[PDB]
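The chain below stands alone and is given in structure tokens; this is the form deposited in one PDB entry.
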């Protein structure tokens, strides 16, 4: 069974929920997901986890010491350490398929200004490290990106190109709008053709990059 550990200063936010895809996986016994409060590894009364950046700039950077103790306790040399960040290598469907065979994923959630770089540098001396982006926008912390990665990966676990065109179900006419009649005909070959053409025009319009063309 696969084990996923998540580390965050917002533990309530990432606590697993029974009625969800990861919730079902856990219940089928196919995965163990544990959430850890980063503040468990702090010593001071005020339990501080970040500080102003060396060299100046906005916001705060998470301290290396606290992350060091957390990952020392949670990770082994076998661990794949996942770190969401706007500056990461791209997380894609290939990435999801690959991670779906892993024994132990640890996901380190940190603020967007970053965890002190020495943390990832240190971890890399003992385990495989993957800093990754799920897309080109900014989140305040890695938490929401962790939830996307967990969804993408777990649905590919055993036992759990081109854009898709429009899809339709009953009734065949609704508010004066009809389902494309080819879909009603039962001709497998004609239906395959119409769907291919629909996918072509959608991909060219919305995602020309996928077909090897310049973006808008």
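In this text, rigid core is short for the largest set of C-alphas that superpose within 1.5 Å between two forms. Positions refer to the first chain, counted from 1.
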In at least a third of the other compared PDB entries, does residue 69 have no coordinates?
no
Would you say residue 50 goes unmodelled in a third or more of the other compared entries?
no
Going from residue 160 to residue 161, the deposited residues skipped in the model number 10 or more
Quick note on 69-77 and 132-140: per-entry mean CA temperature factor is higher in 69-77
Higher avg CA temperature factor (147-155 vs 46-54, as deposited) belongs to 46-54
On the chain's distribution of Cα B-factors, residue 106 falls within the third called lowest
Temperature factor at the Cα of residue 211, chain-ranked in thirds, falls in the lowest
Temperature factor at the Cα of residue 83, chain-ranked in thirds, falls in the lowest
In terms of its chain's C-alpha B-factors, the third that includes residue 125 is the highest
So, residue 38's CA B-factor, relative to its chain, sits in which third? The middle
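Below: the form deposited in another entry, not depicted.
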| query | Under a superposition restricted to the rigid core, does residue 26 display a Cα displacement of 2 angstroms or more between this form and the one not shown? | reply | yes
Quick one: core overlaid, is residue 16 moving 2 Å or more at the Cα between this form and the one not shown? yes
Evidently the Cα separation of residue 21 and residue 166 changes by 3 Å or more in that other deposited form, so the atoms lie farther
Checking the C-alpha spacing of residue 17 and residue 147, a student should find that in that other deposited form it changes by 3 angstroms or more, with the atoms closer
